[PDB]
Amino acid sequence: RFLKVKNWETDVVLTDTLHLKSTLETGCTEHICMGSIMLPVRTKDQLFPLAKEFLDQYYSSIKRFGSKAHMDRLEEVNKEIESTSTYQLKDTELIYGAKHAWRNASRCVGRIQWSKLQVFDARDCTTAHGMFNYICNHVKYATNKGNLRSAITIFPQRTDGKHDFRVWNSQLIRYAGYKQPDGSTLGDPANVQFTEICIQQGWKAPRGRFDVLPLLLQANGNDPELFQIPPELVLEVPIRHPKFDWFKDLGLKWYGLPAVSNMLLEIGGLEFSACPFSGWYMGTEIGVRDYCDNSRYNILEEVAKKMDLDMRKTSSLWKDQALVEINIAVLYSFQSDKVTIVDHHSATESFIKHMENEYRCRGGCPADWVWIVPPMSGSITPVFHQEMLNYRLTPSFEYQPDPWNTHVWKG
Amino acid sequence: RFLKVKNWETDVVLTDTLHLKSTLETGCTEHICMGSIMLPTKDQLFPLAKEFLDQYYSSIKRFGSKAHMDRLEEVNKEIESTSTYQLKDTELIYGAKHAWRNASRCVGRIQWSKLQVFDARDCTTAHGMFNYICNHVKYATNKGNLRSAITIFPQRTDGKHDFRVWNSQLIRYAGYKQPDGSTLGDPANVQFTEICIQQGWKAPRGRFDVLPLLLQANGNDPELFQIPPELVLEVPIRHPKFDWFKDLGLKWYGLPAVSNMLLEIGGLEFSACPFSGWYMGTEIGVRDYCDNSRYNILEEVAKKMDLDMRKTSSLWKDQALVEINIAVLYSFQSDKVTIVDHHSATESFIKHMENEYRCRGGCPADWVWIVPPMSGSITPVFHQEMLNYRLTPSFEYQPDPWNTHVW
Ligand code: HEM
Ligand code: HEM
Ligand SMILES: Cc1cc(N)nc(CCc2cccc([C@H](N)Cc3cc(C)cc(N)n3)c2)c1
Ligand SMILES: Cc1cc(N)nc(CCc2cccc([C@H](N)Cc3cc(C)cc(N)n3)c2)c1
Ligand SMILES: C[C@H](O)[C@H](O)[C@H]1CNc2nc(N)[nH]c(=O)c2N1
Ligand SMILES: C[C@H](O)[C@H](O)[C@H]1CNc2nc(N)[nH]c(=O)c2N1
Ligand SMILES: [Zn+2]
């Protein structure tokens with residue numbers, strides 16, 4: 001079967017066949033659409049088909065489908081599963097797998113970049129100290145003094161679910177949040193709970209507005225351990241505005257390296273529960289969400305006060321006006337310090353070209369519109385006008401519950 | 001089967017049960033989500049009638065009463081005999097209000113119960129349609145103090161005698177392709193404009209020419225009427241700070257009025273049912289003015305503001321956008337024509353959502369449409385999970401009549 005998507009700005013129509021390869025379910029039914037819901041040990045039995053499907057894909061991609069090398073590899077994985085109940089990926093399969101999980105990530109607007117990903121194989125890691133070293137090298141490599149490079153570090157896969165490698169941090173770099181006795185929050189309100197866990201595990205909190213959190217790392221199912229990232233490895237950008245000289249005095253800064261550390265990478269039925277990956281920021285992630293969400297740094301009022309906007313009615317659009325100025329400031333600062341960043345116009349334009357390419361060469365591009373459309377100026381970006389089909393391909397990145405809810409403590 | 005929706009800003013979780021009464025299909029499956037696709041007999045009719053009358057009699061706290069059973073009986077009688085049936089006035093009003101209540105793409109539904117319904121089921125000609133529509137326009141406009149209204153023409157019979165308003169909205173500007181290669185007026189209305197000229201309209205050939213109505217009665221060929229100019233309330237657009245803004249020569253109309261949709265009540269189909277409320281500012285300032293395929297004015301405004309248009313990263317587009325939207329709101333407010341900003345509208349809808357969860361067990365909502373086309377995440381709807389499903393009575397999209405009509 002074929003499915004069509006139309007761009008309502010250009011009348012360009014694309015034909016999707018790739019959705020035929022989708023197996024995993026979406027949360028939607030014929031009677032209900034869950035497209036805006038945020039979250040909508042395997043047996044040998046279920047493992048071999050998953051391994052086979054993956055290796056078929058891998059072998060097709062290298063133009064060796066059906067070859068003796070293909071067949072030997074299938075047989076070899078089959079026997080490995082048969083007798084050890086799991087199997088190990090070759091380096092080449094691991095790289096391909098991690099690239100494809102990104103390629104298949106339907107909420108990611110940055111996917112034009114998917115084939116340039118530096119993959120760090122950390123499958124020989126055995127301890128939390130070992131994980132700390134690997135993550136430091138990843139940060140330094142990815143950061144590259146401002147010329148950011150995409151990378152992923154992949155720790156040992158799940159075995160019995162009792163020996164998981166996990167990075168407890170949600171992102172490798174994030175600022176502490178501290179709930180005050182008066183109910184106010186100092187620092188980032190999104191990280192309060194994790195900040196409390198770190199303190200409890202023994203971290204000495206400086207208690208300021210922009211304290212980089214320590215890493216909390218679990219190797220092989222053991223209790224997690226605390227490590228501080230060397231400050232010299234944490235690139236930060238002080239935020240200032242090209243025309244507004246009072247902007248610097250708000251005291252804002254942000255880190256350059258966006259790096260997700262809480263997701264699960266699935267490749268051929270294998271589960272990599274610690275797989276931190278990084279790219280570079282789109283400006284709106286910081287300037288719209290991190291700075292302006294009511295439940296985050298929430299700076300809109302203070303910014304619009306200083307711009308002396310009329311704040312007595314929402315209809316003066318004071319929030320919208322202050323929002324644009326903040327986002328100009330974030331982009332200006334990163335640019336001035338030579339730290340890679342992309343604006344939402346450029347990123348969405350690139351994504352449309354990427355999506356069109358994928359439709360030609362691949363037969364589709366699963367995309368989640370809710371997430372792809374930027375959180376400001378939606379309809380003056382080309383993605384707003386683009387119909388998209390969302391479905392689930394493997395390899396994939398998956399959400400997993402926070403480990404403090406599930407961890408069995410050794411004490 | 002009992003589903004939760006969470007607000008990620010506030011942590012409020014609501015439980016939706018109303019979705020189980022959902023009837024029609026979404027386009028989505030367990031394998032593929034189509035949330036962002038714009039368009040995803042006697043035997044059939046009695047179940048639809050029963051379903052509706054059951055909910056009607058339930059709403060007036062008379063479920064299972066003799067009068068309930070008596071009506072079900074009467075409608076049953078009427079369908080078997082005549083192959084259709086007629087709604088009571090009370091049923092028609094209820095159904096109309098509920099079609100709006102069930103419109104999952106509508107941010108303004110806190111208002112749903114204040115809808116003036118004009119019963120035009122006695123209309124027989126296109127001249128009559130015209131009279132009805134002017135009266136609707138004048139009632140709804142109310143000298144700038146807008147009131148929600150719908151006018152409901154006769155229901156589908158055998159489908160060869162449909163009433164249709166050919167216009168997509170009651171009030172729209174003409175579009176003309178030019179020798180120049182460009183487009184004069186609203187590019188969204190070129191085709192319909194051509195049909196008007198084709199049908200006889202003498203186009204003024206200006207940038208903001210109010211289109212005439214093309215009305216079809218009883219499946220006849222459609223006829224042309226100009227809405228009395230004095231009933232079409234328009235607003236000149238000025239900015240409170242940029243004195244040059246008015247020099248762009250921009251105006252928009254005060255009355256948003258959808259005329260191309262099909263109202264379905266108790267299985268009956270009302271193919272001409274124009275309805276109106278009042279604008280949310282972004283519809284005009286973001287979409288009408290700034291869509292590339294619309295009036296597309298961003299460049300001209302940014303130039304007058306002397307912004308650095310050299311690089312996208314200066315956010316010149318975003319800056320000019322906010323300004324255009326400030327000007328729309330200000331102009332409507334200055335001339336006292338009802339308008340709502342996206343902050344106030346979305347705040348109202350969140351309150352409406354909580355009322356509907358508390359009082360009905362849910363509220364079908366389409367997040368892709370509800371979230372405003374600018375400043376998404378600074379409105380509360382951005383952080384609200386929504387379930388989208390189809391309830392009847394409903395408004396449904398229908399194909400442009402010129403594709404269906406045999407002359
Ligand atoms: C290279 C520059 C990149 C840019 C500009 C970019 C852009 C984005 C943005 C804006 C989001 C939404 C983030 C949010 O709203 O919180 C996102 C989500 C995501 N991207 Fe990227 N991306 C990049 C690289 C990567 C890389 C390297 C990977 C992994 C290999 C990746 C996989 C994802 C995934 C899995 C999500 C969904 C995250 C979630 O559900 O929390 N992206 N991307
Ligand atoms: C009272 C003020 C009202 C406001 C502020 C309002 C708000 C809106 C907005 C902003 C949209 C999106 C339209 C677009 O993006 O093009 C919309 C869609 C819609 N509203 Fe309303 N609404 C109002 C009244 C009404 C009334 C009176 C009805 C019916 C009686 C109605 C039914 C609809 C329907 C069916 C849609 C979807 C239209 C489509 O698919 O093209 N609304 N509403
Ligand atoms: C590689 C990369 C590049 C780039 N430009 N940006 C990023 C930032 C990604 C990110 C950061 C913080 C929080 C979230 C998301 N908010 C985290 C989240 C939370 C929940 C509940 C569900 C879910 N699926 N996700 C996602 C990463
Ligand atoms: C009552 C009311 C109040 C209000 N504030 N706004 C409105 C705007 C109505 C409207 C106007 C232009 C275009 C469309 C819609 N974009 C027209 C349309 C096109 C297609 C292809 C599908 C589809 N479902 N709809 C809908 C109405
Ligand atoms: C409820 C809703 O799905 C939620 O607020 C989503 C909307 N779109 C998003 N889009 C992106 N890129 N990131 C997000 O975190 C969200 N949050
Ligand atoms: C393709 C996508 O569904 C389309 O651009 C939608 C997005 N959201 C919208 N939202 C509203 N309110 N109105 C629209 O016309 C659209 N268009
Ligand atoms: Zn869906």
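Both ligands and their constituent atoms are indexed starting at 1 by order of listing. So you know, we letter chains A, B, ... as the sequences are listed, proteins then strands, and number each from 1.
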What residue and heavy atom of the protein are closest to [atom], and at what distance?
atom                    : value
atom 19 (C) of ligand 2 : B:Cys106 CB, 3.7 Å
atom 12 (C) of ligand 3 : A:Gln171 NE2, 3.0 Å
atom 26 (C) of ligand 1 : A:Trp102 CE2, 3.3 Å

Please classify the A:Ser278 to ligand 1 contact at 4.0 Å (heavy-atom distances, strictly less than): side chain, backbone, both or neither.
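The answer is the backbone.
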Classify the contact between A:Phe277 and ligand 1 as side chain, backbone, both or neither, using a heavy-atom distance cut-off of under 4.0 Å.
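Under 4.0 Å from ligand 1, A:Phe277 contributes side-chain atoms alone.
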A:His138 versus A:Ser278, side-chain donor and acceptor atoms under 3.5 Å
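Distance-only check passes for A:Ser278 and A:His138.
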Side-chain donor-acceptor pair under 3.5 Å between B:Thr312 and A:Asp343, yes or no?
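Yes, a side-chain donor-acceptor pair sits under 3.5 Å.
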Relative to ligand 2, is B:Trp278 under 4.0 angstrom through side chain, backbone, both or neither, heavy atoms considered?
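The part of B:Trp278 near ligand 2 is both the backbone and the side chain.
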Considering only heavy atoms, does B:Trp369 approach ligand 2 within less than 4.0 Å through its side chain, its backbone, both, or neither?
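Answer for B:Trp369: side chain.
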4.0 Å heavy-atom contact, B:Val107 with ligand 2
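Yes, that is the case, since the closest heavy atom of the residue is under 4.0 Å from the ligand.
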Have a look at ligand 3 and work out which part of B:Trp8, if any, has a heavy atom under 4.0 Å from it: side chain, backbone, both or neither.
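Side chain only; the backbone of B:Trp8 stays clear of ligand 3.
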Please could you name the atoms of ligand 1 that A:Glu285 approaches to less than 4.0 Å, counting only its heavy atoms?
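With A:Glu285 as reference, the close atoms of ligand 1 come out as 10 (C), 13 (C).
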Using ring centroids (six-membered ring only for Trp), state whether B:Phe395 and B:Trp100 fall under 6.0 Å.
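No.
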Would you mind telling me which of A:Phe210, A:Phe194, A:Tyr291 makes a ring pair (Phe, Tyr, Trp, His ring centres under 6.0 Å) with A:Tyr175?
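Running ring pair (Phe, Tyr, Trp, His ring centres under 6.0 Å) over A:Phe210, A:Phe194, A:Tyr291 with A:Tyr175 returns exactly one hit, A:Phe210.
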